[PDB]
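Engineer: when you get a sec, could you give me coordinates for this:
(chains A and B)
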2 protein chains.
Amino acid sequence: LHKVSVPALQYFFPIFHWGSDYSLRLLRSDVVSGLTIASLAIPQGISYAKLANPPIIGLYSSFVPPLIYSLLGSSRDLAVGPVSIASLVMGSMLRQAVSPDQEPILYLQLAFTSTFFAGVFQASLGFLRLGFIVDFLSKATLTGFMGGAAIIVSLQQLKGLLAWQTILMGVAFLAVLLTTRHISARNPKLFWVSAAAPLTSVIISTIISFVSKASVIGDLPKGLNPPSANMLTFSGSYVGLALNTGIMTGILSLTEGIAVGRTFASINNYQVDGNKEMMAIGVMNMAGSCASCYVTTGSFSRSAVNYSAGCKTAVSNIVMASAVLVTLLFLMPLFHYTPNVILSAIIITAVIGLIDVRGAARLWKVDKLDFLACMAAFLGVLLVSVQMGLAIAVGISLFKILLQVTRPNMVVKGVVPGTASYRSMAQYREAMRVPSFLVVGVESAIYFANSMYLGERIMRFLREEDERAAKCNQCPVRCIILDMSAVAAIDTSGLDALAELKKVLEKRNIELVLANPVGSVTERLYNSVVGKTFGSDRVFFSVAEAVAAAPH
Amino acid sequence: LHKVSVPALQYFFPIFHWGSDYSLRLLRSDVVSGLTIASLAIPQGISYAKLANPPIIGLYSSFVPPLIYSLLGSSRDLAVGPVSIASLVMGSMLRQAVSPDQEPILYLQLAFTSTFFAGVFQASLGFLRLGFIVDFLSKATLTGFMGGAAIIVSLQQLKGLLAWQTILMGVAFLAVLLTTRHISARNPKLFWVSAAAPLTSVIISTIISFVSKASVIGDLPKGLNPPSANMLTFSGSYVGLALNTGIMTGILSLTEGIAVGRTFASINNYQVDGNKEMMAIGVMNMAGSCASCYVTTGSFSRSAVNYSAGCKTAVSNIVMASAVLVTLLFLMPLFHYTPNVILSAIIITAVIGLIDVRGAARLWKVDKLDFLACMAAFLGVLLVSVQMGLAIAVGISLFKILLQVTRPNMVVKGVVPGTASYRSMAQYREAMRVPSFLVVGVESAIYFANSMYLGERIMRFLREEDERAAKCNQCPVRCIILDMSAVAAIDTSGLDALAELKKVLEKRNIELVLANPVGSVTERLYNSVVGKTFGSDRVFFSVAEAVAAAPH
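Structural biologist: Residues are numbered from 1 along each chain as shown, chains lettered A, B, ... in the order given. Below you will find the coordinate block:
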């Protein structure tokens, strides 16, 4: 038998850590990325600024929030700026109380007060180490949401329509934007045809608007960021609208640049701090909200072209905000004859690409609580508002976690012949039961949610095999072993029901035995008063050493 | 190596099942119980009817709801009638919109419409098999609630006070009601001094109100149940008050008679159906709400005197409702000189007994999320209303379940010397690591909540022991084994991150191996397209057969 043993300019500003080893060979590589990601910020930061209902606010949002993150950030391949989902939800939740055609100085004061409050929601969630709650946003919630929101904005934008040289132009240069996605989904080296097809859609349609001169978006104001917080309306009537939009774009614009600092960390093996990562983007917003920026966070699309044309570190986040230092000042009069429809298919390719219909139905034949969540975020945004299509699909994604912790699986086990290892009897048809014993595996953690369910379930198996004992004249159950290998945690109410089970099973001379615990259980089983009534003679190394010791 | 194998008058009316074997020796025993439980329904059904703010409504509620449950119920020692907690919450949530001294025909129409809607909430939660959600009500939530509600009713009842023969009488006959609880908490055979001290408080103080004749409660209306639903106001202004009271007393009056049909089932080994058990009490109410009954469910106190004076089955639930058939008709003129204070210490003993201060602080030194839940139900009922003292303490009791599924414990393991069993290295200081391997145990289920956390945590241990490999010139990690013994479940998003981990670990020649799965994982690992990329050469019987097979 074996004994069950029991067990400041570099903290705040992390550019100084990795900045002391930047080479020229790296600087050969973090410029051809940031020539192309500052070729996808110029037609897809003015395009999803249109989707939020002015087009230069998406370019102010590609200069200072990339520069702030390069000082405070903890990834090196996360590339920043605006995104596509947060802009659409910004453009829907604000269109249905104000209108940018009617109150354009009060539509600019609401995509700023939301951004500042999408700044403190992302900063002071990661400052108080509370950034695990961005993981509750499942992949099936966001398939339902992004796709149940890409219809009710397709109605609100098609109420603003109610020409032959426009609609025959905006489908052919959408075809340079969807066939370059058909051919970039096949080969993961043909990103380069899609890495500038947002730019060669604009530039080739610039000259056809320059030789056929005259609904163009025109002369945009040359200059730096306007110093806002003179357009931050903290004290007014539209604050709840600019707080609900800043909560709702403070989660949709967090789970895209938290979950891209994780999917580009395991590829390259650098630990991204998560909560210190969340502190950065909440200073990308609330300290960028005063500089004509709206809600920014790292993109899913303009990161997988940063690490597809070989980025090496986060100075390609400065080649972002230094080759945008150029274009806000010099090529703005070239933008005077750049049309509106050419950047509206750039919205459209991030609408049809938002309705992932295959993944919307693939999760029907493999699960049916990650399918109810899709069709509760689908019909929760179509029928109820945007805030309740997310609240009831997170809420039934959190339910299938609770529906397995309540009512878990308790198997009956038995020794697999030829070895001293006790597996279940649902699997392993050949597994034999020991006559004087009963092995029962609790396959979840023992909480208040299921402490009273194990007692009513162990004594169903124990009742099952005291009436089956008389059928073959066998020895009945004289030791029930709890294979606690699968029990992850135990609380005070789960540890109590293990002591109210021992003294019920003592009154039938059954001798309940725990076997094979884990860490954070044995330090609760040997440091509480509900544990020294178990002690060392009922907590074993494995089942095979509990059967061998034979507690009787 | 071993192969990982993969796997109508008796349905509705259950008195006919156990009714065919009732003996006279049982009928000797289910009458001395039901002489005493119909001696605790008469002074504690009129007493907690006062706590809900007429005293005969608690006696109508001890005749027909015990009779309906004896037909539809699935326990035999659960004894029914009103309770103490649901009455207090009924008397608080209705006092703060109407007043029974001012609108007594509209206070009787609101402790009925609530009961009917505490009838369909308990019936049509167990009819749709949804009765696991009564387990979310933790024992620490109810310590905070019952005790954070027994103050704000102690203020509302002490606004109705603002004599020498009353207050000198109501403390001495509270002392016959608290010292009989001091002596019944010590010896669990001295229930009999407390089994009639609620009745010998009333009957001995009857004659001292009969020789000192004259705030007495007096002549109560003799007769059967009045046939209500002429006092059910489905269509009015006070329906939301009588729906919030029927939701809130449809959970507090469910977790007392679900959780007593479970704690009196494991003692006696009879399987109580739970959802069919929940169907009964929701017909004890919504089909009893038309017969002058308020919200009834099995008691914690009048069940542990039913099974302390030897009950045998649920005809002691008819000796309840046939020895109450007597007393509603014959001893009612004896009740004419029965005082009000004698049944108000019967309220008081279920107030000081509600403030379990020891258990309110015992869960501080053993846990601190089952202590935050007490002091969020404490200050959630004192400051916010009754419905939010429960909503925010269930909500942070459900949080510690989610705070362990998000961010679980991943241990590093290693072979315990002398045996082929791989335990962790937090416990078992003597445990040795195999040189060419790395064993990592995932101690929770793999959900969307934590699929991206294992990848960022396995590659912290893998990074930990490739820099520690060069310190002692050892062989580095060439096989990472996932001891999946503790992984209870896996979803579609947790199974995907195990395939996005295999092909990252393939690109370093590391060969991720799952080992020792459970049921409801191997039927997902061998019946999905994310499983045949694993197959049979990466899903092993145990770790000791994965180390022995050596996948390289």
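Engineer: which residues of the stretch 51-200 of chain A lie near chain B?
Structural biologist: Residues of the stretch 51-200 of chain A lying close to chain B by C-beta under 8 Å from any C-beta of the partner chain are A:132-133, A:135-136, A:138-140. All C-beta spots, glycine's among them, are computed from the backbone N, C-alpha and C.
Engineer: neighbour count, distance to residue B:60 and secondary structure added to the residues you listed, as CSV?
Structural biologist: CSV is the format used below for those (neighbours: other C-beta atoms under 10 Å in any protein chain shown; distance: C-beta to C-beta, whole Å; DSSP: H, G, I helix; E, B strand; the rest coil):
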residue, neighbour count, distance to residue B:60, secondary structure
A:132, 18, 52, coil
A:133, 17, 49, helix
A:135, 22, 52, helix
A:136, 20, 47, coil
A:138, 30, 49, coil
A:139, 21, 54, helix
A:140, 29, 50, helix
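Engineer: how about a markdown table for these, with distance to residue A:181 added?
Structural biologist: Formatted as a markdown table, these follow (distance: C-beta to C-beta, whole Å):
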| residue | distance to residue A:181 |
| --- | --- |
| A:132 | 33 |
| A:133 | 33 |
| A:135 | 28 |
| A:136 | 30 |
| A:138 | 25 |
| A:139 | 20 |
| A:140 | 23 |
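Engineer: so which of those residues is the closest to residue A:513?
Structural biologist: residue A:132 (35.2 Å; C-beta to C-beta).
Engineer: quick check: that closest one vs residue A:399, distance?
Structural biologist: Look at residue A:132 and residue A:399: by C-beta to C-beta, to the nearest Å, they are 18 Å apart.
Engineer: also residue A:370?
Structural biologist: From residue A:370 to residue A:399 the distance is 11 Å (C-beta to C-beta).
Engineer: settle it for me: which of those two has more neighbours?
Structural biologist: With neighbours defined as other C-beta atoms under 10 Å in any protein chain shown, residue A:370 and residue A:399 compare such that residue A:370 has more, 25 against 16.
Engineer: so what's the residue nearest to that one when sequence neighbours are not counted up against?
Structural biologist: Spatial nearest neighbour of residue A:370, chain neighbours left out: residue A:140 (4.1 Å); criterion: C-beta to C-beta, 6 or more residues apart in numbering or on different chains. Shown in contact with residue A:140 (C-beta atoms under 8 Å, 6 or more residues apart in numbering or on different chains): A:363, A:367, A:370-371, A:373-374, A:393, A:397, B:448, B:492-493.
Engineer: by neighbours, which of those residues wins?
Structural biologist: residue A:373 (31 neighbours).
Engineer: and that one, what does it touch?
Structural biologist: Counted by C-beta under 8 Å, 6+ apart, residue A:373 has contacts A:138, A:140-141, A:144, A:393, A:396-397.
Engineer: list the contacts of residue A:333.
Structural biologist: Contacts of residue A:333 by C-beta under 8 Å, 6+ apart are residue A:219.
Engineer: how about it, phi and psi?
Structural biologist: phi -70, psi -20 (degrees, to the nearest 10).
Engineer: same check, this time on residue A:443
Structural biologist: The phi/psi pair for residue A:443 (degrees, to the nearest 10) reads phi -100, psi 60.
Engineer: might one say that it is in contact with residue A:409?
Structural biologist: Yes. Contact criterion C-beta atoms under 8 Å: residue A:443 and residue A:409 qualify, at 4.7 Å.
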